[PDB]
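> To kick things off, part of the complex as it is:
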Amino acid sequence: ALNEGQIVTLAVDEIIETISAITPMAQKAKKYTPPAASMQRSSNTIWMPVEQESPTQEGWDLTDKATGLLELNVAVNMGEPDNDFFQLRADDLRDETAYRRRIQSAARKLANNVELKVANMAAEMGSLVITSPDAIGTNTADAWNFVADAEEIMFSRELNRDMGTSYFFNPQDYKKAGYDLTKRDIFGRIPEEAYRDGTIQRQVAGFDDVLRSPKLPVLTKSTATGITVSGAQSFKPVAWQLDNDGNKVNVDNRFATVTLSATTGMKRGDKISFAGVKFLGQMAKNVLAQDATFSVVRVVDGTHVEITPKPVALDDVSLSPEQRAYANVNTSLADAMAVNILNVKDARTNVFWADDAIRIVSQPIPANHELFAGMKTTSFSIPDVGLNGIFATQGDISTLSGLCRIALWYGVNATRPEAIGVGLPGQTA
């Protein structure tokens, strides 16, 4: 018919969208931008006051019975900056339509990495642990128990939850839990923005949002066995302590260090509990039926480990009233009580917290300073999470090519590890 010249056309305006950009865990995290000038001199660390607990007395006569003050603190820091980096020759900037889409893809990938870091931090530094011997969906009310006792421990612990509470399922375990959870559903329809954002149910066992995150990591089993505490150790809630010079250095309210008989199988992020040690009500110091659980922050030696919440015994006789106000454990660690390992199987984690337990510390990169003259630098907002990064370009004459860097500096911090919790199904070994 009509034989004429052929063309190949690209749709300028229609981009096939792939890869979702949901960040349910990062949006429940709080963002903090400290003053950068002081952050530079403070090694990218700032200390945050913890709300202080007050001892109270009863009666008319309190002669010689006043208490001092005790304010504890936690420290937040940063990590290495995350960034995207690509190069282009001069002739490739004639069209400048793949360049812009690469900038957008970089923004989305950086947000994705932030979300991944938040999820992994939560899994690694979560104190409350709930365990089911079999997989979710076995027995009768495995899912209900699995979610409801997590809520129950976070509730009876009387931890702050005014910002709300969130349960994050991994998708594969929610596939088995939702069958039972949907039948026992109070709340109604979810707003469509929230439903597409990740939250699948609301007000489940009095637990606000129940979400579903595909970035929850897999928690490897602990290989350690036959571990007992070596010597009687009591911990005291202090704000500071002296050093060899005799100077007062701040002490983190979390991060207790204990001495164990052996520290071989255990690695950062496993879950332990001590025999006979129970959680305590935070306001009314009552002995909850649930055994106190800890997650190890790191392993320092073959006999010493650092665990997330300080076990501050109520019956400790040497604690002051100011100190005893912070007791979270019924009794201290005896001479030799067995340490119960709680990572017995490699199970993908379910994470829950009280919102704002995780803090995201962000900082600017002043590459717009006069020290940086050959490079073109501008602010770069990643609005999906809420972190401002940096966008920099610099080309060289010998190749007629330029480099594009999109750097984002942030830190993920678990300021209330006692409020982060990890649910582990099918733990039997």
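Received, thanks. Numbers count the residues shown, from 1 in each chain, chains lettered A, B, ... in the order given.

> At the geometric centre of chain A, which residue do we find?
In chain A, the C-alpha nearest the mean C-alpha coordinate belongs to residue A:122, at 2.9 Å (CA atoms, centre = their mean).

> neighbours around residue A:121, how many?
Counted with other CB atoms under 10 Å, the burial measure for residue A:121 works out to 24 neighbours. (C-beta placed from N, C-alpha, C; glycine too.)

> Pretty sure it sits in a helix.
Yes. Per DSSP: H, G, I helix; E, B strand; the rest coil, residue A:121 lies within a helix segment.

> Give me the spatial nearest neighbour of it, chain neighbours excluded.
With sequence-adjacent residues excluded and distances taken as CB to CB, 6 or more residues apart in numbering, residue A:121 is closest to residue A:412, at 4.5 Å.

> right, and that neighbour touches residue A:119 too?
No. Residue A:412 is beyond contact range of residue A:119, at 9.2 Å (criterion: CB atoms under 8 Å).

> how about the residue lying closest to residue A:163 once chain neighbours are set aside, what does it touch?
The spatially closest residue to residue A:163, leaving aside those adjacent along the chain, is residue A:355, at 3.9 Å (CB to CB, 6+ apart). By CB atoms under 8 Å, 6 or more residues apart in numbering, the contact set of residue A:355 is A:28, A:161, A:163-166.

> Try it again at 6 Å.
Applying CB atoms under 6 Å, 6 or more residues apart in numbering, we find residue A:355 in contact with A:28, A:163-164, A:166.

> before we move on, what about residue A:49?
For residue A:49, the contacting residues are A:71, A:73, taking CB under 6 Å, 6+ apart as the criterion.

> And for residue A:67?
Counting by CB under 6 Å, 6+ apart, residue A:67 makes contact with A:55, A:321-322.

> Same check on residue A:239?
Under the criterion of CB under 6 Å, 6+ apart, the contact partners of residue A:239 comprise A:71-72.

> likewise the one 5 residues further on?
Shown in contact with residue A:244 (CB under 6 Å, 6+ apart): no residues.

> Which among the contacts of residue A:355 count as buried?
Neighbour-count burial (16 or more other CB atoms under 10 Å) is assigned, among the contacts of residue A:355, to A:28, A:166.

> Pull the most distant pair out of the contacts of residue A:355.
Spatially, the most separated pair among the contacts of residue A:355 is A:163 and A:166, at 9.5 Å (CB to CB).

> hmm, back to that, of the contacts of residue A:355, which belong to strands?
residue A:166 (DSSP state E).

> Which of the contacts of residue A:355 lies at the shortest distance from residue A:378?
Relative to residue A:378, the closest of these is residue A:28; by CB to CB it sits at 29.6 Å.

> Please report phi then psi for the closest one.
With angles defined as degrees, to the nearest 10, residue A:28 sits at phi -80, psi -10.

> residue contacts, it?
In this structure, residue A:28 makes contact with A:166, A:355, judged by CB under 6 Å, 6+ apart.

> and if you look at residue A:52?
With contacts defined as CB under 6 Å, 6+ apart, residue A:52 is in contact with residue A:71.

> Double-check that it belongs to a strand.
No. The assignment for residue A:52, made by three-state DSSP, is coil rather than a strand.

> Could you list which residues are in contact with residue A:72?
By CB under 6 Å, 6+ apart, the contact list for residue A:72 reads A:50, A:237, A:239, A:253.

> what helix or strand is residue A:110 on?
Using DSSP states H and E, the secondary-structure element containing residue A:110 is helix A:98-124.

> Chain B next, sequence below:
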Amino acid sequence: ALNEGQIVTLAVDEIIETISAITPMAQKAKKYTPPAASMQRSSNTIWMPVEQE
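This next block brings in chain B, placed alongside the chains you saw above:
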């Protein structure tokens, strides 16, 4: 007593000035700048005649 977070303060405004150097010899010695374009073609050298005897 009051147990609280400890800070480390640094007073950037107040600087402990320690050294003050004087440079009289370089002020007494004269400064000359021969034309740069001619200096480049020479080996950064000028020749001056000495008083004749």
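
> quick recheck of the contacts of residue A:239 now chain B is there?
For residue A:239, the contact set (CB atoms under 6 Å, 6 or more residues apart in numbering or on different chains) comprises A:71-72, B:3-5.

> Confirm for me that residue A:143 is in contact with residue A:180.
Yes. With contacts defined as CB atoms under 6 Å, residue A:143 counts as touching residue A:180 at a distance of 4.2 Å.

> out of the two, which sits in the more crowded spot?
Neighbour comparison, residue A:143 and residue A:180: the larger count goes to residue A:143, with 27 against 18 (by other CB atoms under 10 Å in any protein chain shown).

> Verify the assumption that that one is located in a helix.
Yes. Secondary structure of residue A:143, determined by three-state DSSP: located in a helix.

> which residue packs closest to it, ignoring adjacent ones?
If you skip the residues right next to it in sequence, residue A:143 has residue A:177 as its closest partner in space, 3.7 Å away by CB to CB, 6 or more residues apart in numbering or on different chains.

> That neighbour: neighbour count?
Residue A:177 sits with 28 neighbouring residues when counted by other CB under 10 Å.

> On the three-state scheme, residue A:79 is what?
Looking at residue A:79 with three-state DSSP, the answer is coil.

> how many neighbours does it have?
For residue A:79, the tally of surrounding residues (other CB under 10 Å) stands at 14.

> Can you tell me which residues in the stretch 151-300 of chain A are near chain B?
Those residues of the stretch 151-300 of chain A that sit near chain B, judged by CB under 6 Å from any CB of the partner chain, are A:239-240, A:248, A:250.

> What distance do you get for the residue nearest to residue A:143 to chain B?
To chain B, residue A:177 is 42 Å away according to CB to the nearest CB, to the nearest Å.

> Quick check: next helix or strand after the host helix or strand of that residue?
Counting by DSSP H and E, the secondary-structure element that holds residue A:177 is helix A:171-183. Tracing the chain C-terminally past helix A:171-183 and defining elements by DSSP H and E, one meets helix A:192-197 next.

> What residues of that following helix count as buried?
Applying a neighbour-count criterion of 16 or more other CB atoms under 10 Å in any protein chain shown, the buried positions in helix A:192-197 are residue A:197.

> who's in contact with that helix?
Against helix A:192-197 from outside (CB under 6 Å, 6+ apart): residue A:22.

> How far off centre is the very next helix or strand once past that helix?
Scanning forward in sequence from helix A:192-197 by DSSP H and E, the next helix or strand is strand A:201-202. Here strand A:201-202 is found 21 Å from its chain centre; the criterion is CA atoms, centre = their mean, to the nearest Å.

> List the contacts of the following helix or strand past strand A:201-202.
Counting by DSSP H and E, the element after strand A:201-202 in chain order, helix or strand, is strand A:209-212. Around strand A:209-212, the neighbours that count as contacts under CB under 6 Å, 6+ apart are A:24, A:166-169, A:171, A:174, A:198-202, A:204.

> Derive a ChimeraX selection command for the buried subset of those residues.
Burial among those is assessed by 16+ other CB under 10 Å; the matching ChimeraX selection reads:
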select /A:24,166,167,168,169,174,198,199,200,201,202,204
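
> of all the contacts of strand A:209-212, which comes closest to chain B?
Chain B lies nearest to residue A:166 out of the contacts of strand A:209-212, by CB to the nearest CB, at 29.1 Å.

> give me every residue that touches the closest one.
Contacts for residue A:166 (CB under 6 Å, 6+ apart) come out as A:28, A:209, A:211, A:355.

> The third one: how many residues sit nearby?
Read it as residue A:211. Using other CB under 10 Å, residue A:211 is surrounded by 24 other residues.

> quick one: it from chain B, how far?
For residue A:211, the distance to chain B under the criterion CB to the nearest CB works out to 34 Å.
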